[PDB]
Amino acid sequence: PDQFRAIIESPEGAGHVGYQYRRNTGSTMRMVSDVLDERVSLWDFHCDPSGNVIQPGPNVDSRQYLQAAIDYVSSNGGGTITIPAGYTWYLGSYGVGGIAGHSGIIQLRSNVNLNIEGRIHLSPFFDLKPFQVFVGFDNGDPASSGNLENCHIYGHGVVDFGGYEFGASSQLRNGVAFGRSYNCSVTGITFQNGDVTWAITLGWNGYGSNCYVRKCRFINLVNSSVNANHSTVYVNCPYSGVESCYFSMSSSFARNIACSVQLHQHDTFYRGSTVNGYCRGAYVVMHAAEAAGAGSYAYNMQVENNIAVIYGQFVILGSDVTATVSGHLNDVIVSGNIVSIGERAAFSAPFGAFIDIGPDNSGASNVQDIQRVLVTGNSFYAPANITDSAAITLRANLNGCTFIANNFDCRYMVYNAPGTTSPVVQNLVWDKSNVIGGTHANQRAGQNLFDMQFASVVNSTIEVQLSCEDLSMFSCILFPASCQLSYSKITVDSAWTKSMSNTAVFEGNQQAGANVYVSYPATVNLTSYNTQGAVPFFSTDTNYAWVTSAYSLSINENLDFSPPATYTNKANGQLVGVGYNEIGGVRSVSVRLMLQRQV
């Protein structure tokens, strides 16, 4: 009797009060403690050394308590700890042990999920300092770390970096560094209000699998000039990806340094997301120095169905090499994305592009092995004032990239700056189904729509089709004499081109090559013999040794004669056709022709 009150008021008391589910005679006879033991919260470990519960807050470092929770539940084979709603839980110190090396705060462990319903906020302790809030490595050296398996973070809660700036550019900052991560995920969480390098990294140098980020929000995660670089999510293990996320920045600096996602390993995806205020949408890249876990090929890379306002490049391709590994990038699809360059002055941020073939980090452009890339069904728009805007900026070696059924409304279709890199290009394919918009019409004085500033182009197709007039452009497509061209097909549709002085320009007359197939409009002057009847007409210039046929794009205003409808050429480089003189006399005309070579 007397001792019973004692048990009950004691910590063992719920262990002495019996329960049976809904008075069901078949249900287990248990104690209240057992049913309470089926869930677990931060409250169960957020206490002083006497077991008295401590209230979280500005002046309480909840780090050790959350760590004890994770360590204990890890002890029992796993489960899910709730971080309670209606409370803000401040972290005010570094973790210890193997996460020491990673500037860790909290160590994640296998099979221990966190359901974050409340808010987690970083304390001023962390101002001007590196940090990585959650860390799945168990060792300061990642090569010697064990794995993190079956760890899920989710809920409706928030993680907040307290608005503190970086202290030096050299510092790193992360939200969730899963480590060598297998079956791990972040779902539903808001990450906000910081200056960090990443919010989440999945995998480490290819080690890991089936990691995902889904329905999270990323807001204002760069805020100072000191921050050297940002990629919100870093997918660095295969069979992993990001979907249905929302990414937003408002800092000027973000527009210069910040990317939403990097995909660095095979079978990874970025889908169904919305981006605003970033410099870059996605890096898709095989880095040789991150190839230890999952081979040296990144393949099956998908970027689909995203919405974006960016200030530089939507999708950046790349590959590179190290002393002993060579990186390859192949089998990539980019489709269904709708993307625009936001309002900004020309040249005020990295050069705007839907696709960029970037050089490596040291800036080498002759190490890349990028091929079998499919860009299809996307739309891109840049405002008319943005000189530095392009469907593709092709700044490094390219072994293939195929464009079909896109809509591009910007300054250049193909661009590379002259006298910079001289890319070697193979298997660039620009199908005629790509629609070229008109927003930059009349803006293109001194400029070439496809400006082919390359070392050489082979096995490529450029099928230019305009949709409106732009008589300001210097040419539709220009190849400088420095660029070799062979086994390629280059064509300009005559629509909207009749008043153009130059349609296709080959500055080293490269269209003469044995295996070059071209067609484009030009104005030609002809003069006939004086014979009544069937009568030949010849070009006055001799620039046409390469032409296999030509046909009229002009009406004939004359009654007493007609020039030929079609032409071929002669050894001396003249065009020749058979027209008709109703009445005799030497004729002289200027006609618009479609010139054709092997097509």
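Numbers for residues come from their place in the sequence shown, where the first is 1.
In this crystal structure, the stretch out of 259 to 267 and 105 to 113 whose C-alpha atoms carry the higher mean B factor is 105 to 113. Note on 88 to 96 vs 501 to 509: mean CA B-factor is higher in 88 to 96. Across 27, 532, 548, 562, the entry's maximum B-factor at the CA atom is seen for 27. As recorded in the PDB entry, 323 shows the highest C-alpha B-factor of the residues 436, 213, 323, 522. Ranked by Cα temperature factor within the chain, residue 591 sits in the middle third according to the deposited record. Residue-level temperature factors show residue 452 in the lowest third of its chain, judged at the C-alpha atom.
In the PDB entry, a CA B factor belonging to the highest third of its chain's modelled residues is recorded for residue 163. Looking at the C-alpha B-factors along this chain, the one for residue 119 belongs to the highest third.
Residue 356: CA B factor lies in the lowest third for its chain, per the PDB record.
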